[PDB]
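Letters A, B, C, D and E name the chains as they come in the text, with residue numbers starting at 1 for each one.
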């Protein structure tokens, strides 16, 4: 390895002048990146180093959108891209690092100037040295020297993010003399000769970058071969409703026959068929390898689906597809939430509702909130939100009840129109398939699915920026002991899909189990945690959870926001381990 | 090699995994092919030799 | 292409000679040889090496001897033998000889 | 067998150590320097050794 | 890490799905390749890889 540590490996595009420098940056590899925060001087130095290979040493312009935070474990992949030489032989320069590609800096690069003007001194020259500035020879200017030298003008508190007319004359500096100019600065060697010149440098206040929203996944349906099979070990039955499906599953679980069941439903996107699919998925999570879900236009391929090996299959025109979770790049151009509007929150008196209200007020500046729940009593949360500048009305209302929901919506002043409805209401009544009853299914489904239906139908005529349905991953990945909850979540996702198809906003998040530190996974058992770690699930902190909520609001549709151990699941696939069918796309 | 001009050697299109793979009629005898001294064939889907 | 010029760690020999006035006593030579010895052994600073001990106590060998002679002669521009480390065991002896 | 110990450097040899080891070996053999007539020196070729 | 010899390293273009597999091919690393010449079967295998 002879490449520059900040340059890594340099690749030239055949038939083009575009140059890509790929490096792995870690705090072990870059001690000067305090906490992993790479100083902008390192980016400037790397850009100069690569432009030396490109023949353009003078940075025409560089603007750092955001700095780079190196991970505590592992190394971040950093790619610096050099474009084709344009006018004045200037080339576009971009920086990315990663999870979706994150651009950190961009600008233009220029060749060496024939004339090197000397700007007037606008300040006292000071000697800058860095203790621990090792291997300074490997850099023309060491980043830890350049950042310290530029902090004498930009300031310690301000990250210097703008650089113009950067020119380099010396290499391997250890001590420098800084003579600031009107806009830029000059660094000279202790021998007195000039070393580096900056035409202009400008600093910006540090902004804490939001938690990365790389946990969002959607239910995609990749195509799969249908094996040529005519007879198979299956028990055919036409599942009509969630209650009928649960009754049939209970009957088969009471049936000692060791014969697989092929659940044939309608189109899975249908809310009733969605509930059926969720219940069968939960039963399969309880009893793997014994139940098959089928959404077939022609059930004659039913044995073939049984011979396919995938429990969940939808066949159309003889071509089968299977559900998988696939990551989606978060969207940028999201409609902003109107500060003058009103945001209604269902189940706001709970921990998650209060968290969502606080996050909205702090980030999106929601000055008006209507938090409704069964209890509707929270002076502490009301004071917390009001002290943050939010006018909050707290209501004791049944979100699934028409009269009370309509009274709450009409209680919102007309001068503060409704613009966002977050449906966080949900009752957790855990139960296995062998014990669940339709009464419990209705009790689970009413605060979520009926409430979402009522909210979307009532707000069909309202100009809504976002309509969030707080679903859960139990209805997608399957979860033993949560069959009713899984059916409720799946039907919530189906309702979000129907609402989106109805030319109205709808975002449903099938979140995974949250972090234990967040205080909202207390009812999760040890078996749940062990199964989550087996399938790669990991806890979701509150901050990243709300960031993913915002990203899904930007994206819309139905998304699954869950954190998974990537390398562990890839090794499990390489070891032939138990990769769930939904995670087959993942692994 | 090093910094010589880039030389194109092959080109084409890559297709996704097909659903069904028809089996054509046998146009000749089945020939058993083995390569002596084959090493590290696991790291390939099939050894190039 | 030629690489960019190396940035000097300190002032050049001419600038030093301007600063190394003959009026100044055996002090500049002392501090420069102390700095050279400290950098030779990788010491944290020129204060760690003390003129009370000899180079033998500091752990100097013929390996370090010739290279320190090189880094001293190049700094001072004067040709030197490779063996004053034993002829002059003390940094003051080196300073007065220089 | 003996160790030179202190010397100009870590690897520098001292003639006194060689003298002592030669005398010790001769005393152990119980002979005299005139008795031997040929000796194979180290002959490293170093300008110092 | 030494990946597939016919693959080496893989680079994904930011903001695009275009991929580039860059490798260094030597007769020592690929002894099966006759006299420097690379059979097209290796190219097919690398394409599948």
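Observations on the structure shown:
Basically, a residue touches a chain if its C-beta (ideal position, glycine included) is under 8 Å from a C-beta of that chain, and two chains touch if they have at least 3 such contacts.
Contact with subunit B and subunit D alike is made by no chain in this entry. The chain with its CA mean position farthest from that of subunit B is D. The centroid of the Cα atoms in subunit A and the matching centroid in subunit E are 33 Å apart. Rounded to whole angstrom units, the spacing between the C-alpha centres of subunit C and subunit E is 54.
Subunit A and subunit D, compared by their mean Cα positions, are separated by 77 Å. Distance from the subunit B centre to the subunit E centre is 13 Å, each centre being the mean of its Cα atoms.
Pairwise chain contacts present here: A-B, A-C, A-E, B-E, C-D [touch as defined]. By the touch criterion given at the top, residues 8-10 of subunit D touch subunit C in their complex. Contact residues on subunit E toward subunit A in their complex (touch as defined above): 9, 11, 13-15, 20, 22.
Within the complex formed with subunit A, the residues of subunit B that make contact are 6, 8, 19-20.
Partner subunit D is touched in their complex by these residues of subunit C: 61-62, 86.
By the touch rule above, subunit A contacts subunit B in their complex via residues 14-15, 223-226, 319.
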